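The structure file my_file.tsv is reproduced below (TSV, C-alpha atoms and all ligand atoms).
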chain	number	residue	atom	x	y	z
A	665	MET	CA	25.05	3.96	4.12
A	666	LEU	CA	21.44	3.94	5.29
A	667	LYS	CA	21.09	1.79	8.42
A	668	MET	CA	17.51	0.62	8.92
A	669	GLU	CA	15.47	-1.41	11.39
A	670	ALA	CA	11.96	-2.82	10.97
A	671	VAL	CA	9.92	-2.39	14.16
A	672	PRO	CA	6.36	-3.77	14.43
A	673	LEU	CA	3.62	-1.15	14.40
A	674	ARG	CA	2.89	0.31	17.85
A	675	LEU	CA	-0.07	2.48	18.85
A	676	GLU	CA	2.18	5.50	19.46
A	677	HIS	CA	3.34	5.46	15.81
A	678	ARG	CA	0.05	6.91	14.57
A	679	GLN	CA	1.08	10.49	13.82
A	680	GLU	CA	4.43	9.47	12.30
A	681	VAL	CA	2.73	6.93	10.02
A	682	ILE	CA	-0.05	9.35	9.05
A	683	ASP	CA	2.55	11.95	8.05
A	684	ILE	CA	4.35	9.44	5.82
A	685	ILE	CA	1.17	8.07	4.25
A	686	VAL	CA	-0.16	11.56	3.56
A	687	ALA	CA	3.22	12.51	2.09
A	688	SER	CA	3.27	9.42	-0.13
A	689	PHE	CA	-0.34	9.67	-1.38
A	690	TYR	CA	-1.26	13.39	-1.38
A	691	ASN	CA	-0.57	15.12	-4.72
A	692	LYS	CA	2.33	12.68	-5.11
A	693	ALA	CA	-0.04	9.77	-5.70
A	694	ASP	CA	-0.53	8.36	-9.19
A	695	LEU	CA	-4.26	7.77	-8.66
A	696	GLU	CA	-5.11	10.68	-6.34
A	697	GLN	CA	-3.62	13.30	-8.68
A	698	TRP	CA	-6.53	12.72	-11.07
A	699	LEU	CA	-9.18	13.26	-8.38
A	700	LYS	CA	-8.05	16.88	-8.00
A	701	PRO	CA	-9.64	18.71	-6.47
A	702	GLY	CA	-11.65	17.47	-3.50
A	703	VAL	CA	-9.01	15.22	-1.91
A	704	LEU	CA	-7.52	16.87	1.17
A	705	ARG	CA	-4.52	15.97	3.32
A	706	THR	CA	-6.86	14.86	6.11
A	707	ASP	CA	-8.62	12.23	3.96
A	708	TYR	CA	-5.81	9.73	4.48
A	709	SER	CA	-5.41	10.65	8.15
A	710	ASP	CA	-9.16	10.04	8.49
A	711	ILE	CA	-8.83	6.55	6.98
A	712	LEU	CA	-5.76	5.73	9.07
A	713	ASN	CA	-7.36	7.02	12.27
A	714	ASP	CA	-10.47	4.89	11.71
A	715	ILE	CA	-8.35	1.73	11.25
A	716	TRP	CA	-5.38	2.55	13.47
A	717	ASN	CA	-6.25	0.32	16.43
A	718	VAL	CA	-7.17	-2.70	14.28
A	719	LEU	CA	-4.09	-2.06	12.13
A	720	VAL	CA	-1.84	-2.25	15.20
A	721	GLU	CA	-3.74	-5.16	16.77
A	722	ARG	CA	-3.37	-7.40	13.71
A	723	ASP	CA	0.42	-7.17	14.23
A	724	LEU	CA	1.17	-7.42	10.51
A	725	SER	CA	2.51	-3.89	9.89
A	726	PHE	CA	5.87	-2.37	10.70
A	727	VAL	CA	7.73	0.91	10.56
A	728	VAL	CA	11.30	1.37	9.35
A	729	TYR	CA	13.68	3.36	11.54
A	730	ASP	CA	16.81	5.13	10.39
A	731	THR	CA	18.89	3.80	13.28
A	732	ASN	CA	21.34	6.70	12.86
A	733	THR	CA	18.52	9.18	13.57
A	734	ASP	CA	16.09	6.84	15.40
A	735	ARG	CA	13.34	8.38	13.25
A	736	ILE	CA	10.79	6.56	11.11
A	737	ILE	CA	11.54	6.82	7.39
A	738	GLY	CA	9.11	4.24	6.01
A	739	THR	CA	6.14	2.05	6.77
A	740	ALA	CA	4.39	-1.01	5.35
A	741	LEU	CA	0.75	-1.29	6.37
A	742	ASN	CA	-0.42	-4.89	5.98
A	743	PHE	CA	-3.66	-6.75	6.56
A	744	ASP	CA	-4.92	-10.24	5.99
A	745	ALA	CA	-6.69	-9.77	2.67
A	746	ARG	CA	-9.66	-11.81	3.93
A	747	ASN	CA	-9.68	-10.03	7.31
A	748	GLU	CA	-9.53	-6.27	6.59
A	749	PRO	CA	-11.40	-3.55	8.50
A	750	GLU	CA	-14.69	-2.25	7.15
A	751	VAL	CA	-14.18	1.38	6.10
A	752	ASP	CA	-16.98	3.78	5.20
A	753	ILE	CA	-14.70	6.25	3.43
A	754	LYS	CA	-16.66	9.51	3.11
A	755	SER	CA	-14.11	11.21	0.84
A	756	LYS	CA	-13.16	11.03	-2.83
A	757	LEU	CA	-10.64	8.36	-1.77
A	758	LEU	CA	-13.61	5.97	-1.86
A	759	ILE	CA	-13.20	5.91	-5.64
A	760	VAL	CA	-9.54	4.95	-5.18
A	761	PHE	CA	-10.33	2.04	-2.87
A	762	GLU	CA	-13.31	1.02	-4.97
A	763	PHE	CA	-10.97	0.99	-7.97
A	764	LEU	CA	-8.37	-1.06	-6.08
A	765	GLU	CA	-11.11	-3.50	-5.06
A	766	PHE	CA	-12.19	-3.51	-8.71
A	767	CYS	CA	-8.64	-4.69	-9.47
A	768	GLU	CA	-8.23	-7.02	-6.48
A	769	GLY	CA	-11.69	-8.43	-5.73
A	770	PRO	CA	-12.23	-10.72	-8.73
A	771	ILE	CA	-8.66	-12.05	-8.55
A	772	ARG	CA	-8.52	-12.40	-4.76
A	773	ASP	CA	-11.80	-14.26	-4.21
A	774	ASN	CA	-11.54	-16.53	-7.28
A	775	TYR	CA	-7.85	-17.34	-7.92
A	776	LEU	CA	-6.12	-16.86	-4.57
A	777	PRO	CA	-6.15	-19.34	-1.67
A	778	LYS	CA	-9.23	-19.45	0.53
A	779	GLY	CA	-9.33	-18.91	4.28
A	780	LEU	CA	-7.73	-16.55	6.75
A	781	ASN	CA	-3.96	-16.23	7.25
A	782	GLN	CA	-3.48	-17.05	3.55
A	783	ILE	CA	-3.28	-13.73	1.69
A	784	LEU	CA	-1.01	-11.07	3.19
A	785	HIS	CA	-2.35	-7.83	1.70
A	786	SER	CA	0.45	-5.27	1.49
A	787	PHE	CA	-2.11	-2.57	0.85
A	788	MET	CA	-0.04	0.52	1.70
A	789	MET	CA	3.67	1.35	1.64
A	790	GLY	CA	5.19	4.79	2.18
A	791	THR	CA	8.48	6.56	2.77
A	792	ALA	CA	9.39	9.91	4.29
A	793	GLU	CA	9.66	12.97	2.04
A	794	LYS	CA	13.18	13.82	3.21
A	795	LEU	CA	14.62	10.63	1.69
A	796	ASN	CA	16.91	11.23	-1.27
A	797	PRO	CA	16.71	8.74	-4.18
A	798	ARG	CA	19.29	6.35	-2.69
A	799	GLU	CA	17.63	6.42	0.74
A	800	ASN	CA	14.23	5.85	-0.87
A	801	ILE	CA	15.47	3.02	-3.11
A	802	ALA	CA	17.23	1.42	-0.14
A	803	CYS	CA	14.16	1.80	2.08
A	804	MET	CA	11.94	0.25	-0.59
A	805	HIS	CA	14.20	-2.81	-0.82
A	806	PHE	CA	14.31	-3.06	2.98
A	807	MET	CA	10.50	-2.99	3.27
A	808	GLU	CA	10.10	-5.56	0.50
A	809	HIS	CA	12.65	-7.79	2.23
A	810	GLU	CA	10.67	-7.41	5.46
A	811	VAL	CA	7.13	-7.98	4.16
A	812	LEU	CA	8.45	-11.30	2.86
A	813	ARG	CA	9.97	-12.07	6.26
A	814	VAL	CA	6.72	-11.12	8.02
A	815	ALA	CA	4.72	-13.20	5.53
A	816	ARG	CA	6.86	-16.28	6.19
A	817	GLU	CA	6.98	-15.71	9.96
A	818	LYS	CA	3.20	-15.23	10.16
A	819	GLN	CA	2.69	-18.26	7.85
A	820	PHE	CA	0.88	-16.58	4.97
A	821	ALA	CA	0.78	-18.32	1.60
A	822	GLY	CA	1.81	-15.24	-0.37
A	823	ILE	CA	1.98	-11.47	-0.60
A	824	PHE	CA	-0.79	-9.64	-2.45
A	825	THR	CA	-0.73	-6.00	-3.51
A	826	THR	CA	-1.83	-3.52	-6.16
A	827	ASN	CA	1.07	-1.34	-7.29
A	828	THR	CA	0.02	2.06	-8.61
A	829	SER	CA	3.33	3.84	-9.19
A	830	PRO	CA	5.94	2.95	-11.84
A	831	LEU	CA	8.59	2.47	-9.14
A	832	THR	CA	6.66	0.03	-6.95
A	833	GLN	CA	5.53	-1.83	-10.08
A	834	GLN	CA	9.12	-2.23	-11.29
A	835	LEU	CA	10.32	-3.27	-7.82
A	836	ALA	CA	7.58	-5.92	-7.70
A	837	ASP	CA	8.67	-7.32	-11.07
A	838	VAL	CA	12.36	-7.53	-10.15
A	839	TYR	CA	11.22	-9.15	-6.88
A	840	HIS	CA	9.49	-11.84	-8.99
A	841	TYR	CA	5.92	-10.94	-8.16
A	842	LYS	CA	3.46	-12.54	-10.55
A	843	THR	CA	1.34	-10.05	-12.47
A	844	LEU	CA	-2.32	-11.01	-12.09
A	845	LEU	CA	-3.83	-7.82	-13.57
A	846	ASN	CA	-2.37	-5.01	-15.69
A	847	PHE	CA	-5.27	-2.57	-15.84
A	848	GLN	CA	-5.26	0.79	-17.62
A	849	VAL	CA	-6.44	3.24	-14.97
A	850	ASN	CA	-8.06	5.62	-17.47
A	851	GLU	CA	-10.46	2.82	-18.51
A	852	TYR	CA	-12.03	2.31	-15.07
A	853	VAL	CA	-15.63	3.52	-14.92
A	854	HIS	CA	-17.09	4.91	-11.69
A	855	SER	CA	-20.63	4.05	-10.61
A	856	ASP	CA	-21.86	7.31	-12.19
A	857	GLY	CA	-20.47	6.43	-15.63
A	858	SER	CA	-17.49	8.77	-15.39
A	859	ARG	CA	-13.84	7.77	-15.69
A	860	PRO	CA	-12.20	9.27	-12.57
A	861	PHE	CA	-8.69	8.60	-13.92
A	862	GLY	CA	-9.67	9.23	-17.55
A	863	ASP	CA	-7.24	12.15	-17.79
A	864	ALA	CA	-4.34	9.83	-16.95
A	865	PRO	CA	-2.21	8.69	-19.91
A	866	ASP	CA	-2.68	5.17	-21.25
A	867	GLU	CA	0.75	4.26	-19.87
A	868	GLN	CA	-0.39	4.60	-16.24
A	869	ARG	CA	-1.24	1.11	-14.97
A	870	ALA	CA	-2.64	-0.37	-11.78
A	871	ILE	CA	-0.83	-3.70	-11.58
A	872	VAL	CA	-2.10	-6.37	-9.19
A	873	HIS	CA	0.88	-8.33	-7.91
A	874	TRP	CA	1.19	-11.62	-6.07
A	875	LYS	CA	4.19	-13.69	-4.99
A	876	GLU	CA	3.99	-17.00	-3.17
A	877	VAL	CA	6.37	-17.10	-0.20
A	901	LIG	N1	3.31	-2.83	-2.53
A	901	LIG	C1	2.89	-1.43	-2.50
A	901	LIG	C2	1.46	-1.27	-2.01
A	901	LIG	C3	0.99	0.17	-2.07
A	901	LIG	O1	1.54	1.05	-1.41
A	901	LIG	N2	-0.07	0.42	-2.84
A	901	LIG	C4	-0.74	1.71	-2.84
A	901	LIG	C5	-2.04	1.71	-3.63
A	901	LIG	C6	-2.87	2.90	-3.30
A	901	LIG	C7	-2.93	4.15	-3.84
A	901	LIG	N3	-3.87	4.90	-3.17
A	901	LIG	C8	-4.36	4.11	-2.24
A	901	LIG	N4	-3.79	2.91	-2.27
Would it be possible to restate this file's structure as structure tokens?
Amino acid sequence: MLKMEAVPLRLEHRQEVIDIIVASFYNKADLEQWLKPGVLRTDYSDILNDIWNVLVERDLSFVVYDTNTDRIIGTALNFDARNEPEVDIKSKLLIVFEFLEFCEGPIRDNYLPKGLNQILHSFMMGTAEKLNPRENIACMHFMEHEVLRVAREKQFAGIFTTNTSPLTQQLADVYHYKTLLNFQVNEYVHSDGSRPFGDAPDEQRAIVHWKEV
């Protein structure tokens, strides 16, 4: 059985976390696949490197170790939704985060509690490529169990996230997240009038989830 341990994010974890996040969102990503081409492996390392110190300082993120190998197999990058770093993303990933803000912004700032230390934004969650289905399913449950524990320990009012893959969306629903938006990603219009995910099927959703803790 997979034996896992959730360790808070340390500064030395940068390259291990970047590898996992690139693996989970490069050509495997449900939104990034439609921005092909022009999205390189380094675009997510660039974002993570720009926010790495603040991400570790906020002490809201953790990595998941396989205690049998003492290697990181998963990570949950979290921020206070009302206290996130300012990112000038100079890649095509700007459309992704502008789309996520398009999904989150209106709901966050109008229907979610006001003030800091209220909204725990589970904005990124990744697992290692080597994980087989069982290891991945088990690691996803472990990270969900831990973001709740971190949310309660850090005294947040609830967990807030936009789930962009069918697996994370289903996990959120069986974990009793409330659905606050079920948006069809091929209907989102970029600033230039185009639909960056217009080639995605109608069935691909960006679901904004929220569970009070
Ligand atoms: N509870 C899961 C949160 C998560 O990992 N969401 C990823 C959304 C995303 C896609 N591309 C950039 N961000």
**Item:** Contacts to ligand LIG 901 (chain A) at 8 Å cut-off (all atoms listed in the file) as a list in words
**Value:** residues 689, 693, 694, 695, 696, 740, 757, 760, 761, 764, 786, 787, 788, 789, 790, 808, 824, 825, 826, 827, 828, 829, 832, 833 and 836 of chain A
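Distance-wise, atom CA of residue 677 of chain A and atom CA of residue 748 of chain A end up 19.7 Å apart.
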**Fill in**
The distance between atom CA of residue 720 of chain A and atom CA of residue 672 of chain A is 8.4 Å
Which residues of segment 669-689 of chain A sit at most 8 Å from segment 729-739 of chain A, using all atoms listed in the file? Give each one's shortest atom pair and distance in Å (one decimal place), in chain and ascending residue order, as a Markdown table.
| residue | atom | partner | partner_atom | distance |
| --- | --- | --- | --- | --- |
| A:669 | CA | A:729 | CA | 5.1 |
| A:670 | CA | A:729 | CA | 6.4 |
| A:671 | CA | A:729 | CA | 7.4 |
| A:680 | CA | A:736 | CA | 7.1 |
| A:681 | CA | A:739 | CA | 6.8 |
| A:684 | CA | A:738 | CA | 7.1 |
**Item:** Shortest interatomic distance to residue 675 of chain A - which of A:719, A:853, A:780, A:845, counting all atoms listed in the file
**Value:**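 Selected residue with least distance to residue 675 of chain A: A:719.
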